[PDB]
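What follows is a single structure, written as structure tokens, with notes after it.
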Amino acid sequence: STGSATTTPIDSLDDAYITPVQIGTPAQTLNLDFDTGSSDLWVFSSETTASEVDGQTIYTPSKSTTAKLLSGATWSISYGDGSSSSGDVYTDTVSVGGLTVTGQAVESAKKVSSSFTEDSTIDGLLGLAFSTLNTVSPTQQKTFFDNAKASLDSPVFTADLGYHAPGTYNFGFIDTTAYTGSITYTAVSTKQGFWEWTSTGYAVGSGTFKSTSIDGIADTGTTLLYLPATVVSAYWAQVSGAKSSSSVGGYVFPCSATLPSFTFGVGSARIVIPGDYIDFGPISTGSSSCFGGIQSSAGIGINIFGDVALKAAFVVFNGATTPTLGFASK
Numbered sequence: 070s071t072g073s074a075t076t077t078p079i080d081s082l083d084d085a086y087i088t089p090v091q092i093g094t095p096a097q098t099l100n101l102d103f104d105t106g107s108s109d110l111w112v113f114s115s116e117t118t119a120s121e122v123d124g125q126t127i128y129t130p131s132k133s134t135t136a137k138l139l140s141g142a143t144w145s146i147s148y149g150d151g152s153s154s155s156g157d158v159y160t161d162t163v164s165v166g167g168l169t170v171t172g173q174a175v176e177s178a179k180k181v182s183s184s185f186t187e188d189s190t191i192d193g194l195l196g197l198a199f200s201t202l203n204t205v206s207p208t209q210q211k212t213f214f215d216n217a218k219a220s221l222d223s224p225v226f227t228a229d230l231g232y233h234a235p236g237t238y239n240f241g242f243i244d245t246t247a248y249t250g251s252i253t254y255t256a257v258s259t260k261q262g263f264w265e266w267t268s269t270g271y272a273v274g275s276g277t278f279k280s281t282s283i284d285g286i287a288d289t290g291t292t293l294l295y296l297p298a299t300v301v302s303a304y305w306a307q308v309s310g311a312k313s314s315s316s317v318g319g320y321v322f323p324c325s326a327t328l329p330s331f332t333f334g335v336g337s338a339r340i341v342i343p344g345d346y347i348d349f350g351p352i353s354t355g356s357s358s359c360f361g362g363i364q365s366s367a368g369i370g371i372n373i374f375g376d377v378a379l380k381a382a383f384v385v386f387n388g389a390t391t392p393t394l395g396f397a398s399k
């Protein structure tokens, strides 16, 4: 079996992307934030504290005939953004782009953070990291991808994020129609439970490429590109007016300025993010300070290849057990 679903970003800066998903019987469709750096499928729900639900669409597990309590089961997550969520767990039929998975753990929130509560578009998260991360106690649960894998023609999915534009999540197959040239597959370390890989270096604009291993995670769940202090210094040094700010908490530049592109090495191949991608606009409404899309990783303890980087390449999460991350141009 295969499935493809259209993912659409949620505002003009492409802060996150949402993918529609069918849960229950009959079907309740929720826009989920596909997160390859977490391992929980959770949704706003019926149980969710009504001081904490907005225009978000809610999962009502009393209207699903496929839906059942996982009695005693409980979850609690923390995000690198400080994000906070928790509640109790159900098992229901979940469909993505016509790939049905039965008896999927659907983790219904009783409690959600300010972050999620102020986020109209997003209705919950679908984690596509490795199952060792999933938070549910006391019987730890599996991902949607974990549940789909054997049913799949191939045990892969692809991520093809758009810049100011929808794109696609494909499960089971690779569109040889979506990318240009060759896919360069690189080794994945599954130890931390991340899509965790080792980049072969970088260049800024038309500069010379420095060979140097950057260990980072592929994370569709993070907006920005998080790199180490050395690398991000060399980038923003090429932008006149670019400074690191105490208050705002990150590199800003003047909006009138010019972003030179960023290149990252995937073995022998090279992926340009063009400089357009790195402009995340003004720090506040009216401000002529704009916010940069490449920030230092020094404060979080891992380097994250988030949307800025992934949305410049056609990525493939090979979920074999020699698991392999592929990049191509698009």
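Following mature numbering (1 follows the signal peptide of the UniProt record, and there is no 0) from start to finish, the sequence shown increments by one per residue and tops out at 399. Each residue gets a CB set at the ideal place from its N, CA and C atoms; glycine is no exception.
- Under DSSP, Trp-264 takes part in no beta bridge, so it has no partner.
- DSSP places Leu-293 outside both helix and strand once states are collapsed to three, so it counts as coil.
- Separation of the CB atoms of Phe-185 and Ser-145 is rounded to 14 Å, and the pair is thereby denied contact status at 8 Å.
- Straight-line spacing of the CA atoms in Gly-196 and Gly-106 works out to 7 Å.
- Secondary structure within the stretch 101-138: the beta strand (DSSP E) runs of 3 or more consecutive residues, fully enclosed, are 110-112 (chain order).
- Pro-207 has no beta-bridge partner at all, per DSSP.
- With a beta-carbon spacing of about 17 Å, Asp-83 and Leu-194 fall beyond the 8 Å limit used to define contacts.
- Between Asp-161 and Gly-172, the gap from beta carbon to beta carbon is short of 9 Å.
- In this structure, the beta-carbon distance from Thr-253 to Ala-338 falls below 9 Å.
- Ranking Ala-397, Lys-399 and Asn-387 by CA distance to the CA of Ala-219 puts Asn-387 first.
- DSSP, reduced to helix, strand and coil, places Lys-380 outside both helices and strands of the structure shown, so it counts as coil.
- Here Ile-191 is buried, its C-beta having at least 16 other C-beta atoms within 10 Å.
- Residue ranges of uninterrupted beta strand (DSSP E) with 3 or more members, entirely inside the stretch 211-292 and ordered along the chain, are 225-229, 236-240, 249-258, 265-273 and 279-287.
- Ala-338 sits in a strand when the DSSP states are folded into three classes.
- Between the stretch 206-222 and the stretch 350-369, the count of C-beta pairs closer than 8 Å stays below three; the two stretches do not touch.
- Burial check for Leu-230: the Cβ neighbour count within 10 Å reaches 16 or more, so the residue is buried.
- If you draw a 10 Å sphere on the C-beta of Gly-350, you find fewer than 16 other C-beta atoms in it, and that means exposed.
- In this structure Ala-287 is buried. Its beta-carbon is surrounded by 16 or more other beta-carbon atoms within 10 angstroms.
- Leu-168 and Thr-88 do not touch by the CB rule: their CB atoms are close to 12 Å apart, not below 8 Å.
- Here the alpha carbons of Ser-280 and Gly-124 stand approximately 47 Å from one another.
- Across the set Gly-368, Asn-216 and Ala-234, the C-alpha of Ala-234 shows the shortest separation from the C-alpha of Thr-77.
- A residue is called buried when at least 16 other Cβ atoms come within 10 angstroms of its Cβ; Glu-265 meets this threshold and is buried.
- Judged by beta-carbon spacing, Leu-296 lies within the 9 Å limit of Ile-283, meaning their Cβ atoms are closer than that value.
- Selection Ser-182, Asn-100 and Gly-93 evaluated against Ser-147 yields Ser-182 as nearest (Cα-Cα).
- Separation of the CB atoms of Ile-340 and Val-377 is rounded to 11 Å, and the pair is thereby denied contact status at 8 Å.
- Between the alpha carbons of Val-205 and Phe-199 lies a distance of about 14 Å.
- Excluding the 5 residues flanking it on each side, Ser-251 has same chain C-beta neighbours closer than 8 Å at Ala-338 and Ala-397, in chain order.
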